[PDB]
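Asker:
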Amino acid sequence: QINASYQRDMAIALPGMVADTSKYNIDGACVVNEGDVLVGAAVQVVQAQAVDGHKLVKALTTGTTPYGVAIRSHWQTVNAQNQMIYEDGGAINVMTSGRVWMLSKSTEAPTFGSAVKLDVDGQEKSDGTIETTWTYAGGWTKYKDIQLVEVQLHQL
Amino acid sequence: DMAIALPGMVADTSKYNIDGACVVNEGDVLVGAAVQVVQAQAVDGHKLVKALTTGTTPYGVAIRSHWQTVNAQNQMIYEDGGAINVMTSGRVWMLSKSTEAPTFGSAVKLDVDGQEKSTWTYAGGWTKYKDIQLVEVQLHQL
Amino acid sequence: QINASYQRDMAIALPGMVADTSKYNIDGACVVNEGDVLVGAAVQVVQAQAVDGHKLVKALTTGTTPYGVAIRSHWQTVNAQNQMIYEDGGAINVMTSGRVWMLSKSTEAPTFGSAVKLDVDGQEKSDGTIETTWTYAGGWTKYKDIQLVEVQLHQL
Numbered sequence: 003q004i005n006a007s008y009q010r011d012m013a014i015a016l017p018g019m020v021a022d023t024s025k026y027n028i029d030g031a032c033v034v035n036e037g038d039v040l041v042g043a044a045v046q047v048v049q050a051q052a053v054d055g056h057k058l059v060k061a062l063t064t065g066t067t068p069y070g071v072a073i074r075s076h077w078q079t080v081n082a083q084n085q086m087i088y089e090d091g092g093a094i095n096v097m098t099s100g101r102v103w104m105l106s107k108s109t110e111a112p113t114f115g116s117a118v119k120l121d122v123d124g125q126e127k128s129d130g131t132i133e134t135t136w137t138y139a140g141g142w143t144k145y146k147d148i149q150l151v152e153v154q155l156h157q158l
Numbered sequence: 011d012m013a014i015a016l017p018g019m020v021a022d023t024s025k026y027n028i029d030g031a032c033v034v035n036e037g038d039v040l041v042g043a044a045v046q047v048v049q050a051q052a053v054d055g056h057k058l059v060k061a062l063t064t065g066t067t068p069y070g071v072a073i074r075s076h077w078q079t080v081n082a083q084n085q086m087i088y089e090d091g092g093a094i095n096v097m098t099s100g101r102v103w104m105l106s107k108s109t110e111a112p113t114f115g116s117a118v119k120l121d122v123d124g125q126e127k128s135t136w137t138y139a140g141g142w143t144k145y146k147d148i149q150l151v152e153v154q155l156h157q158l
Numbered sequence: 003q004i005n006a007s008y009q010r011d012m013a014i015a016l017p018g019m020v021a022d023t024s025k026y027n028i029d030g031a032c033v034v035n036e037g038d039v040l041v042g043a044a045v046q047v048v049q050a051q052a053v054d055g056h057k058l059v060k061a062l063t064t065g066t067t068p069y070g071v072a073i074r075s076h077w078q079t080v081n082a083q084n085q086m087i088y089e090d091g092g093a094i095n096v097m098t099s100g101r102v103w104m105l106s107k108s109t110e111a112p113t114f115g116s117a118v119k120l121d122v123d124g125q126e127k128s129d130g131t132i133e134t135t136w137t138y139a140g141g142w143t144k145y146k147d148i149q150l151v152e153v154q155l156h157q158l
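Protein chains in written order, with full-length UniProt numbering: chain L, 3 to 158; chain W, 11 to 128, 135 to 158; chain P, 3 to 158.
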């Protein structure tokens, strides 16, 4: 006959979400070429047009320098594979500097200020092959079986 | 006339970044001294700052604030257990122990107290105020 | 009689013009010393005043470190020699971070992300003897008998 009150907390992050409102820069004059990319994964630049002024990007592969991370957008993205993706032949929202949430494949929390190493598919890994100049921003969390890590980005 | 500058005060209005979600874990922090991140909580998002020690990587420089911190001394100080402003990118005046101005664009080195001994770079400002010998430092975020 | 209509396109850029509205930084507390500076060419620092605060700049020279690139302005520039120049003893708008259109004297288009090399006179050249931290941004065009190149400047 006694009443019961309960309490629940929200999750703090989603893949490809901008971590906070610090100094950031979005490179939005790019176009997806040769396939599709995942929100929360790194991309590489294929070529930059001399006159038209659009860069050509795709998912990261072996032996390629990353350029940025795709970020969430409720308008520019299409829903496929139960998640947000960017389809081929369309404008993309690439983040080049700032704090972002990234998909992870590691199993242990990282160290603040250490260098970020990626996997061959553009996802963070504690023992990846591709080396970057980015550093960890401190965040490390999970959303319903999806691991997320907070990454600091600076311009190339 | 007027004094030229004070420790912990931002030099110019160029690109700057200030992290206000921090707290002094232990001891007191002097305004205008470098700080380091002892522990960054993964979920809570707060950074525990401390005065620079031997063989550690600096993070930023504590700045002044007339409301966040008050003190009975002439010089401002951050008390233990209080929110702290730390600037991570931009030009700031800093405490120094050197006596001659170094070359412009040189890479500066930090003492064990958080001071400036004989990566951040020199910006070109070298003044004197009440025997403090401020130095102007450019901080980048890596 | 058959009616006719015509078409013509404008140019893309001008020497010394700011490329786009990405994150940039202009250092306006500078003074020109010992000579004239061409808009769209790199500059060097000869003395930074310790108390007054102004910086003394001049055209680039052999065995020196460049600081930035002067930009266009319709109020701070004098019209001499059928073009815009910065005269001696006047304030100059010097850019130290961002994308800019810069004078060039090479013959082949550059590759994205590679390092920039300068000539003795302060103009971009593919085999110059001066090393810079700057990179190429992909723009490469030509005004009337003038070559231009898009350059990304990082803060020194």
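Even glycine gets a Cβ: it sits at the ideal position worked out from N, Cα and C.
1) List the endpoints of the continuous beta strand (DSSP E) containing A50/L.
2) So with CB distances below 8 angstroms, who are the chain P contacts of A52/L?
3) Quick one: does residue 236/L have its CB under 8 angstroms from some CB of chain P?
4) Please state whether DSSP places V53/P in a helix, a strand or coil.
5) With DSSP as the reference, label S99/L as helix, strand or coil.
6) Is the beta carbon of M97/L less than 8 angstroms from the beta carbon of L16/L?
7) Taking only beta-carbon atoms, is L158/P less than 8 angstroms away from chain W?
8) Run through DSSP, which three-state label would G124/W get?
9) Using a Cβ-Cβ cut-off of 7 angstroms (strictly less than) and excluding sequence neighbours within five positions of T66/L, which residues of its own chain qualify?
10) Using 8 angstroms for Cβ pairs, my map puts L105/P next to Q125/P. What's the rounded Cβ distance?
11) Reducing DSSP to helix, strand and coil, say where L62/L ends up.
12) Please determine, among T137/W, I148/W and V151/W, the residue with the shortest C-alpha to C-alpha distance to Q157/P.
13) For a test of your reading of the model: does the CB of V153/W fall under 7 angstroms from any non-hydrogen atom of the ligand MN? Yes or no.
14) What residue does the beta strand (DSSP E) around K146/W start on, and which one ends it?
15) Looking at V20/W: is its Cβ nearer than 8 angstroms to the Cβ of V118/W?
16) Would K57/W pass as an interface residue toward chain L - the criterion being a Cβ-Cβ separation below 8 angstroms?
17) Spatial neighbours of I28/L within its chain, please: CB distance less than 8 angstroms, with the 5 preceding and 5 following residues excluded, ordered by chain position.
18) Can you grab the Cα-Cα spacing for the pair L120/W / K127/W, in whole Å?
19) Looking at chain P, which residues of the stretch 23-46 of chain L have a Cβ within less than 7 angstroms of any of its Cβ atoms?
20) Closer than 9 angstroms between beta carbons: that is the criterion. Which residues of the stretch 57-89 of chain W meet it against chain L?
21) CA-CA distance, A111/L and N84/W?
22) Quick one: which unbroken beta strand (DSSP E) runs of 3-plus residues sit fully inside the stretch 70-120 of chain W? Chain order, please.
23) Anyone know if the C-beta pair for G141/P and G70/L falls short of 8 angstroms?
24) Listing by chain order, which chain P residues have their CB less than 8 angstroms from the CB of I14/W?
25) Taking DSSP's pairing of strands, which residues face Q154/W in a bridge?
26) Assign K144/L to one of two classes, buried (16 or more other C-beta atoms within 10 Å of its C-beta) or exposed (fewer than that).
27) Can you list the residues of chain L that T137/P reaches, using a CB-CB cut of under 7 angstroms?
28) Can you tell me which of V34/W, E152/W and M12/W puts its alpha carbon nearest to the alpha carbon of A50/W?
29) For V20/P, which beta-bridge partners are listed by DSSP?
30) Looking at the strands, I want to know which residues DSSP matches up with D29/W.
31) Rounded to the nearest angstrom, what separates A93/W and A31/L at their Cα positions?
32) Taking only three categories from DSSP, how would you classify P68/P?
33) I'd like to know whether the C-beta atoms of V122/L and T64/L end up nearer to each other than 8 angstroms.
Answerer: Let me lay it out:
1) It spans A44 to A50 - the beta strand (DSSP E) in which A50/L sits, taken as one unbroken run.
2) The answer, in chain order, is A111, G140, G141, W142 and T143.
3) The question about residue 236/L has no answer, for chain L in this structure spans 3 to 158.
4) coil
5) strand
6) Taking 8 angstroms as the Cβ cut-off, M97/L and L16/L do not qualify as a contacting pair.
7) Judged by the 8 angstroms Cβ criterion, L158/P is in contact with chain W.
8) coil
9) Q46
10) 5 angstroms
11) coil
12) Restricting attention to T137/W, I148/W and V151/W, the CA atom closest to the CA of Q157/P is found in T137/W.
13) This structure simply doesn't include the ligand MN, nor any ligand for that matter.
14) Segment: none, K146/W is in no beta strand (DSSP E) and carries neither H nor E.
15) no
16) yes
17) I73, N95, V96, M97 and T98
18) 5 angstroms
19) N27
20) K57, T67 and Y69
21) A111/L and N84/W: Cα-Cα distance of roughly 43 angstroms.
22) 70-72 and 96-104
23) One thing to note: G141/P has its Cβ no nearer than 8 angstroms to the Cβ of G70/L.
24) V53
25) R101/W and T137/W
26) exposed
27) Taking a Cβ-Cβ cut-off of 7 angstroms, the neighbours of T137/P in chain L comprise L158, given in sequence order.
28) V34/W
29) Partner(s): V102/P.
30) In the DSSP output, where bridge partners are listed per residue, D29/W has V96/W.
31) 39 angstroms
32) strand
33) yes
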